Amino acid sequence: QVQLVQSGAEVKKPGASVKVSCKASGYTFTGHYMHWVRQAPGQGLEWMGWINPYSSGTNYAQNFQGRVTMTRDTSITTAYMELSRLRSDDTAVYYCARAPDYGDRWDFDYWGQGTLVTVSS
Amino acid sequence: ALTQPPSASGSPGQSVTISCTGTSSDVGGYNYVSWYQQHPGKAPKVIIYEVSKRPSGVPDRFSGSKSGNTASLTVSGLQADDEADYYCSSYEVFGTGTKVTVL
Amino acid sequence: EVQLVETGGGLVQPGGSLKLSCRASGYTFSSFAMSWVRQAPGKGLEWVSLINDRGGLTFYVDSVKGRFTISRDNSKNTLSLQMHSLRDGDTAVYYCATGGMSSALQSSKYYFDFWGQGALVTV
Amino acid sequence: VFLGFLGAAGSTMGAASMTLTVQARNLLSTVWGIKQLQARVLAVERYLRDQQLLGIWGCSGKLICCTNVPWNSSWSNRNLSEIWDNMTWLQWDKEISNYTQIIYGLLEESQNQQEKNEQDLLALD
Amino acid sequence: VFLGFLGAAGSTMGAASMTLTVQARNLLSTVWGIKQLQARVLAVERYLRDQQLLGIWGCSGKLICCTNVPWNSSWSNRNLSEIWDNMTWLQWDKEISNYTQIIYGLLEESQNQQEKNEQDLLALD
Amino acid sequence: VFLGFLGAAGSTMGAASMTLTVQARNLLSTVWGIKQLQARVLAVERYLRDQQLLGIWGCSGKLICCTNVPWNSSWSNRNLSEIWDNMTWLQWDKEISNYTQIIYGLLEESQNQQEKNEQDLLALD
Amino acid sequence: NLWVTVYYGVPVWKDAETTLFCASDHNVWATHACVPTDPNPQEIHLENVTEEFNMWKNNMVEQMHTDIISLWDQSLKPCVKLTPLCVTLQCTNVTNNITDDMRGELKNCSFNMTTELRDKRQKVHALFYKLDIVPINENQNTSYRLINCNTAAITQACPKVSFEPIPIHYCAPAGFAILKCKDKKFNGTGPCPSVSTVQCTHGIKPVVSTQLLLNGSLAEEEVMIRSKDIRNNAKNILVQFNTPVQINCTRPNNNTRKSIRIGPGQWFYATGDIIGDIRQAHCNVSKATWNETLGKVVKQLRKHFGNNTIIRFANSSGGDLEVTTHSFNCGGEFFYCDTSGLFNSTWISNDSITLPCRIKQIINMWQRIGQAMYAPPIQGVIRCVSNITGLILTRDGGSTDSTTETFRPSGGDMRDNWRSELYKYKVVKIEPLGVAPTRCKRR
Ligand SMILES: *[C@@H]1O[C@H](CO)[C@@H](O[C@@H]2O[C@H](CO)[C@@H](O[C@@H]3O[C@H](CO)[C@@H](O)[C@H](O[C@H]4O[C@H](CO)[C@@H](O)[C@H](O)[C@@H]4O)[C@@H]3O)[C@H](O)[C@H]2NC(C)=O)[C@H](O)[C@H]1NC(C)=O
Ligand SMILES: *[C@@H]1O[C@H](CO)[C@@H](O[C@@H]2O[C@H](CO)[C@@H](O)[C@H](O)[C@H]2NC(C)=O)[C@H](O)[C@H]1NC(C)=O
Ligand SMILES: *[C@@H]1O[C@H](CO)[C@@H](O)[C@H](O)[C@H]1NC(C)=O
Ligand SMILES: *[C@@H]1O[C@H](CO)[C@@H](O)[C@H](O)[C@H]1NC(C)=O
Ligand SMILES: *[C@@H]1O[C@H](CO)[C@@H](O)[C@H](O)[C@H]1NC(C)=O
Ligand SMILES: *[C@@H]1O[C@H](CO)[C@@H](O)[C@H](O)[C@H]1NC(C)=O
Ligand SMILES: *[C@@H]1O[C@H](CO)[C@@H](O)[C@H](O)[C@H]1NC(C)=O
Ligand SMILES: *[C@@H]1O[C@H](CO)[C@@H](O)[C@H](O)[C@H]1NC(C)=O
Ligand SMILES: *[C@@H]1O[C@H](CO)[C@@H](O)[C@H](O)[C@H]1NC(C)=O
Ligand SMILES: *[C@@H]1O[C@H](CO)[C@@H](O)[C@H](O)[C@H]1NC(C)=O
Ligand SMILES: *[C@@H]1O[C@H](CO)[C@@H](O)[C@H](O)[C@H]1NC(C)=O
Ligand SMILES: *[C@@H]1O[C@H](CO)[C@@H](O)[C@H](O)[C@H]1NC(C)=O
Ligand SMILES: *[C@@H]1O[C@H](CO)[C@@H](O)[C@H](O)[C@H]1NC(C)=O
Ligand SMILES: *[C@@H]1O[C@H](CO)[C@@H](O)[C@H](O)[C@H]1NC(C)=O
Ligand SMILES: *[C@@H]1O[C@H](CO)[C@@H](O)[C@H](O)[C@H]1NC(C)=O
Ligand SMILES: *[C@@H]1O[C@H](CO)[C@@H](O)[C@H](O)[C@H]1NC(C)=O
Ligand SMILES: *[C@@H]1O[C@H](CO)[C@@H](O)[C@H](O)[C@H]1NC(C)=O
Ligand SMILES: *[C@@H]1O[C@H](CO)[C@@H](O)[C@H](O)[C@H]1NC(C)=O
Ligand SMILES: *[C@@H]1O[C@H](CO)[C@@H](O)[C@H](O)[C@H]1NC(C)=O
Ligand SMILES: *[C@@H]1O[C@H](CO)[C@@H](O)[C@H](O)[C@H]1NC(C)=O
Ligand SMILES: *[C@@H]1O[C@H](CO)[C@@H](O)[C@H](O)[C@H]1NC(C)=O
Ligand SMILES: *[C@@H]1O[C@H](CO)[C@@H](O)[C@H](O)[C@H]1NC(C)=O
Ligand SMILES: *[C@@H]1O[C@H](CO)[C@@H](O)[C@H](O)[C@H]1NC(C)=O
Ligand SMILES: *[C@@H]1O[C@H](CO)[C@@H](O)[C@H](O)[C@H]1NC(C)=O
């Protein structure tokens, strides 16, 4: 059974950094791209980026380029996404998603539970 | 960049059709257009992939096609478990979102 | 356009060794089988010999089987007939013609499509 | 099977041509479990290559095969008595090593493929 | 041997049927000392299987073999000029991939085994 | 291919002689990547050896082959109806295991090599 | 009328996947096992043949990837294991004259090493790079450990095995053929109207590098842009140059090799010291040649992204050091060069560059688990001249400005490097048996 298990919800102040993990199981980790997509409450889906869990290469959206870092650990089969310098609108449900294959398809077969990160003063 | 109606509506037994419209030109970039269904509270699931293919285990009711810039889904056989948010995707772009209300 | 032109025809004595040569133009010589057919001055047509498109298979009537020799050169486009031990019954106009057989990879050509001017031979 | 192998190696070619089955039957059968296996595989390929030659020539299934290639005196001017009655196959192979591939080409190209095409054309008459 | 290999791949089937020996001669020849050996073994099996087909048909030892199976227009309605003079073997194999095993069965079952049994019965007259 | 294999093992020899292609087609295809490879190689050698027998006899490329060796009543006195109509091949092979190598020698030595030499001499008349 | 005629030797083929063997003219890639090559190998042009080619589904790339990894493991198997080196190291800063570029990159570490006698130990000292040493504890105890000691065993590379890539040729077994697309403007995928059959591929050097393709093949006429889906930003863009860009990489430090006996017959090779000054390793490229090459790459990218779109080059957005830098092996040393000055330009439709390079002696090639390699030091000064023959780029997705496209270096999956050489080769299997109608009937 393919599963993605994300860390629990977090409360942060502006200016802090937040690091969200995603533990994967049930498939070959290096064989599928991992994508990070955020959804603010009441709004639609916003794609944040992808990481190649084999080569470790990353690709960030222009809205997040310079603030977001994505990393992976193949020993414990976990993908990480870190946002620095959070702002008020950055509150959202951050999902990790597994591509159906090695970066060719963007129809995400499996999703995590979603980590709710709220930013407030 | 993939505009979608704000809301759609149907009656149990009939069919609904959601449309996704792309600002960009055709340029043969619409071969890979997928659809997602987001039941409130959970993570999206994939109903259509590559315009008119279905993941194994998805009912035949969901079926989309394409016409030039536009590309649409057809939920034929609307039940009461269809109150979700439907999103069109072309690679990284996501649709704006349509809330399908059952009547 | 297909122009067949025989030469080497004339007069000879019994026991003679007469060589005719038919020159072909206007078509692919190596793609067609060739035949020699003879007509006595007072009789009808008689088939004499047949050679295939590659010049490897030769056929003759029994009456000339051990005396006549059909041959071909596909570079020079020349069909030839060497008759040895010519008999009084061999007096005739000899014609070269295209057809009479074909290879397995072609349609049947069991007929003589194109013909020559003819060449008189008096034994 | 081995018994009698290469016994006519020193015999005349005529006498040594009546023992062809004895040589024919002796051509076919931890890193030492791989190398020996390679040797077995090697033997098979050699056998098949020779059989392949016999098949591209009109000699499949035969140990003595007559052909339509004329002998050339350049290859050898010796009489038949000086080849079959007064000569061995090793001496003959040493002289005709120099010409083997010309004979093999003539065997392969002109005679068998022209004969095969002529049978293809005779069979449709 | 390699020289001229597949040269008539783009030629017409008639022109490409005179080079059959060129393709025929190119079918036969630390984990890397095992995998390569497996490849060699694989080649042998493929060769033998094709030869086995030719033997269950009446085509052993031949590169061009004529048979008693009538052609069926369902398999192909094209003329001979549209197959041998205006067509290549790759195009022909793409069309007739669909029908290959029916022709192979007819070749195997009716014609060769009935012919072989009829020779078995003619030889005892 | 496998389908029908050995189905006529319990059938009469006559009935079981019409299924020869079914058995013929089933003869040809980390230490476990070597042992299996050895098995594949073994199969090839067995096939080639049987084919070699058929080639040293005048039986290359045939599944039914008629020969010039007379049958000897010492080998078997049974009628034809008691062999082909009332008997299976396993029973026949059990009786004639005792005589197989005499028949094989007669097949190899007298008939094929004398016939081959006689064709060598008829072809030069 | 017509009868079935069987032909054997038919020039027909099918798509296939098989195990291609090796041909080559104390090496990592074995070379002794690989068959010797044959002079003047035959190349036959197939006229009137159009063959479909897919580089992005070519099993030659997967086979090459597996073969190179397996050859690397086989080369490492008989070499000295350095498991005893996982001891506490006492590291201080080098006391020679050190340039500011290198102030803190190299540490002098002392430790208690084993000897040939199990009841004795020796006090020794070795120079280690900062990218290979980890603080044991956050406190300033000056006690350090090797980077791999917690996650993987480390094996020393044999000093007698050269790391120079040599050309290798992939050859088809009998019954199979390699088809080579000879079209000089081939975009990688699709029909190829100019095809040849080869016994083996050309000489392909299995050069391991990221972001820049080194010592590869050049495009015949124009820069070639190849991508499995140019609209998919998750796939890499392979750029093949039509002219090479010369890159000169040096490790300026003069280096010594100190041999320490750690077992009865096992030697560990330490850097020891540096004679003369200490200077940073670096790579130089011509500024003008690189600028014209980027102009050509932009000219070719506009054919896919628009004549009026702005093309921007920027440095890698993230990943490990192997993919954020230009990693490569030259001279026996592993360089990780900062290409932030190669990709630092905006191109609107209207001297030399020095790249600092860091060195590691502990390398984890590819991404294997529980196996690392110590690279022994090379004596002397390393000077390296290479050709840049291509790029591996990734296009930035999720852009909010449709008038500009941004491309960044990528890499780390060597199948994209070896696919840059095998793109023109396809493996097929021969189908010599066929049937056709003729007028010939069996008697
Ligand atoms: C791209 O190709 C170029 C050209 O081939 C290549 O540069 C070459 O690298 C090799 C290996 O690094 C160099 O050869 C060395 O040269 C030094 C000069 O002093 C020698 O000392 C070396 O020999 C010692 O080391 C060997 C083991 O490496 C031992 O076998 C030997 O006994 C010595 O101890 C060795 O000859 C060669 O000079 C350069 N060529 C040039 C023109 O600079 C480059 O590395 C390739 N690029 C990549 C990324 O692979
Ligand atoms: C690294 O440290 C060692 C000591 O741990 C240094 O070795 C000493 O160097 C001094 C230099 O004056 C010598 O007098 C000592 O005899 C050396 N000691 C030993 C035990 O060999 C070494 O020079 C240092 N190297 C660097 C490059 O800083
Ligand atoms: C060897 O030569 C002699 C004559 O010198 C001959 O009698 C004998 O049979 C030959 N041996 C063989 C095995 O042919
Ligand atoms: C015999 O060989 C010579 C060359 O050695 C060649 O010129 C000649 O034509 C050949 N003769 C025949 C009859 O083939
Ligand atoms: C042929 O036979 C004669 C018989 O006297 C012999 O002397 C001669 O050497 C032989 N010639 C050749 C060319 O072998
Ligand atoms: C063939 O040539 C070699 C030298 O290249 C020579 O030894 C041999 O004897 C030659 N053939 C003949 C029949 O002499
Ligand atoms: C290719 O086709 C041309 C005609 O377009 C023909 O002349 C040529 O011989 C063909 N090539 C081959 C190798 O058959
Ligand atoms: C040809 O094939 C059809 C089926 O495709 C079959 O019904 C028909 O009987 C066949 N004809 C002959 C003459 O075998
Ligand atoms: C057969 O030949 C004719 C000649 O006019 C050609 O037009 C036709 O297409 C051919 N028919 C088939 C079925 O190939
Ligand atoms: C055989 O069927 C396949 C589809 O199953 C088709 O592509 C092929 O062309 C068919 N045969 C012919 C002669 O059209
Ligand atoms: C087995 O024997 C019976 C008669 O007892 C016969 O009818 C049947 O066909 C035989 N089975 C086979 C497979 O030959
Ligand atoms: C049959 O075999 C016996 C020995 O079992 C043998 O003596 C006899 O000559 C043989 N008969 C024939 C005709 O070969
Ligand atoms: C031959 O046939 C007869 C017919 O009555 C039978 O009884 C006898 O057993 C058979 N003989 C042999 C030797 O098989
Ligand atoms: C052959 O001999 C064995 C005993 O050695 C015996 O079992 C077998 O039945 C014999 N052959 C015949 C036809 O009885
Ligand atoms: C030693 O080098 C480090 C860099 O790793 C630096 O931070 C530290 O201040 C240096 N300490 C000295 C010179 O005492
Ligand atoms: C080496 O061992 C001695 C005790 O024998 C200890 O005092 C010293 O600190 C150790 N050295 C290092 C560098 O850990
Ligand atoms: C190659 O052209 C094909 C269409 O023939 C297209 O699918 C593919 O994307 C092209 N590749 C590039 C890099 O333009
Ligand atoms: C490095 O130092 C050694 C010390 O013996 C010297 O011989 C050598 O020339 C030096 N090399 C360079 C490149 O300075
Ligand atoms: C690189 O360029 C700099 C420019 O100052 C020069 O000093 C240095 O020697 C060059 N390096 C090489 C290896 O050519
Ligand atoms: C690289 O070195 C060569 C000599 O090996 C020199 O001609 C060239 O100019 C150098 N290139 C750069 C960019 O410094
Ligand atoms: C680079 O080349 C471009 C050509 O597009 C030119 O505009 C620019 O000035 C060049 N820059 C340098 C530094 O040579
Ligand atoms: C890329 O360049 C930026 C400055 O534009 C710098 O902050 C960043 O660290 C660089 N990244 C890499 C991987 O070199
Ligand atoms: C990148 O370019 C900027 C100007 O746009 C320059 O100031 C900076 O030094 C460059 N960075 C590098 C790492 O070359
Ligand atoms: C670089 O390319 C040039 C031109 O293709 C070539 O002559 C030279 O040998 C290449 N250099 C290397 C190191 O491969």
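Protein chains in written order, with the working numbering: chain A, 1 to 121; chain B, 122 to 224; chain C, 225 to 347; chain D, 348 to 472; chain E, 473 to 597; chain F, 598 to 722; chain G, 723 to 1165.
Every residue gets a Cβ at the ideal spot worked out from N, C-alpha and C, and that includes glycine.
Taking C-beta to C-beta, are residue i and residue j nearer than 8 Å?
i: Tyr102 (chain A); j: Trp36 (chain A); result: no
i: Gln862 (chain G); j: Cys801 (chain G); result: no
i: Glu465 (chain D); j: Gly280 (chain C); result: yes
i: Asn584 (chain E); j: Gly533 (chain E); result: no
i: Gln933 (chain G); j: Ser1132 (chain G); result: yes
i: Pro265 (chain C); j: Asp312 (chain C); result: no
i: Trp751 (chain G); j: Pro928 (chain G); result: yes
i: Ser1039 (chain G); j: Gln62 (chain A); result: no
i: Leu936 (chain G); j: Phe1050 (chain G); result: yes
i: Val961 (chain G); j: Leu1115 (chain G); result: yes
Can you tell me which residues form a DSSP beta bridge with residue i?
i: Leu4 (chain A); result: A:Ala24
i: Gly323 (chain C); result: C:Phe336
i: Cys1059 (chain G); result: G:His1048, G:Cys1079
i: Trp111 (chain A); result: A:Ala97
i: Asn830 (chain G); result: G:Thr814, G:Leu849
Output needed for residue i: all residues of its chain with C-beta closer than 8 Å, excluding positions within five of it in sequence on either side, in chain order.
i: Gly1092 (chain G); result: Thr873, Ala874, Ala875
i: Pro966 (chain G); result: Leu940, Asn1109, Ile1110, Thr1111
Assign residue i to buried or exposed, taking buried as 16 or more other Cβ atoms, counted over all protein chains shown, within 10 Å of its Cβ.
i: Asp647 (chain F); result: exposed
i: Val503 (chain E); result: exposed
i: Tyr696 (chain F); result: exposed
i: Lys907 (chain G); result: exposed
i: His748 (chain G); result: exposed
i: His32 (chain A); result: buried
I'd like the list of long-range same chain contacts for residue i, defined as Cβ closer than 7 Å, with 5 residues on each side in sequence excluded.
i: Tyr729 (chain G); result: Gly1156, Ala1158
Output needed for residue i: all residues of its chain with C-beta closer than 6 Å, excluding positions within five of it in sequence on either side, in chain order.
i: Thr231 (chain C); result: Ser245
i: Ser1062 (chain G); result: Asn1037
At a Cβ cut of 9 Å, what residues of the stretch 457-469 of chain D count as close to chain E, listed as they run along the chain?
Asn459, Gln460, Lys463, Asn464, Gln466, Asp467
Could you run through the stretch 292-323 of chain C and flag, in chain order, every residue whose CB is less than 8 Å away from some CB of chain D?
none
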